[PDB]
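Q: A single structure is presented below for examination.
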Amino acid sequence: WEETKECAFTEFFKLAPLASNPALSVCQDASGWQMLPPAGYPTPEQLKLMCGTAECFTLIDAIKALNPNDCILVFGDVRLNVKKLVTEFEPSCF
Ligand code: NI
């Protein structure tokens, strides 16, 4: 994956449909991990809760559906590659 190159700022606007996705607040509330605003990669306890929550799978797939680019999303001191995150999530649960 791309580990250095930053996303264009428009990458944030690509995330807009998640605000109309009911899986968003279910996953965030259940796990404590936030996509909006981005908290970055899940912490270990977060990931454990996400992997046991159906709606988190739904959300991650929803994010996949947005065609995230292979770049680093920067939000203050938060840095993550969303494309990497969503692609590696399911195996990360196993
Ligand atoms: Ni790489």
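Ordering of the structure tokens sets the chain letters (A, B, ...); residue numbers start at 1 within each chain; ligands are numbered from 1 in the order shown.
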Could you list, with a cut-off of 9 Å and counting only C-alpha atoms and all ligand atoms, the residues of chain A near ligand 1, each shown with its nearest atom pair and the distance in Å rounded to one decimal, rows sorted by chain and ascending number, as a Markdown table?

A:
| residue | atom | partner | partner_atom_place_in_ligand_line | distance |
| --- | --- | --- | --- | --- |
| A:1 | CA | ligand 1 | 1 (Ni) | 2.9 |
| A:2 | CA | ligand 1 | 1 (Ni) | 4.7 |
| A:3 | CA | ligand 1 | 1 (Ni) | 5.9 |
| A:84 | CA | ligand 1 | 1 (Ni) | 8.9 |

Q: Go through A:62, A:37, A:44, A:49 one by one, measure the shortest atom-to-atom distance of each to residue A:22 using only C-alpha atoms, and give the residue with the smallest value.

A: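 Comparing A:62, A:37, A:44, A:49 against residue A:22, the winner is A:62.
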
Q: Measuring between only C-alpha atoms, which one of A:14, A:5, A:83, A:48 shows the shortest distance to residue A:64?

A: A:83

Q: Between A:36, A:91, A:76, A:61, which is the closest to residue A:15 once you count only C-alpha atoms?

A: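 Using only C-alpha atoms, residue A:15 sits closest to A:36.
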
Q: When DSSP works through the backbone of this structure, what residues of stretch 19-94 of chain A end up as strand (DSSP E or B), shown as a ChimeraX atom specification?

A: /A:72-75,78-81

Q: Show me, as a PyMOL selection string, the residues that have an atom within 10 Å of residue A:35 when counting only C-alpha atoms, minus same-chain residues fewer than 2 positions from it.

A: chain A and resi 15+18+24-25+27-28+33+37-42+59-60+63+82

Q: Excluding residue A:72 and residues on its chain fewer than 6 positions from it, collect all residues at most 7 Å away from it, counting only C-alpha atoms, and give them as number ranges by chain.

A: A: 3-7, 79-81

Q: Between atom CA of residue A:8 and atom CA of residue A:86, what is the distance in Å, rounded to a tenth?

A: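 Distance reported for this atom pair: 18.6 Å.
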
Q: From the list A:13, A:43, A:77, A:53, which residue is nearest residue A:26 when using only C-alpha atoms?

A: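 Of A:13, A:43, A:77, A:53, the one nearest residue A:26 is A:53, counting only C-alpha atoms.
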
Q: Can you pull out every residue from chain A that DSSP, working from the backbone, puts in helix (DSSP H, G or I), and format the result as a PyMOL selection string?

A: chain A and resi 11-14+16-20+22-31+44-51+54-65+82-92
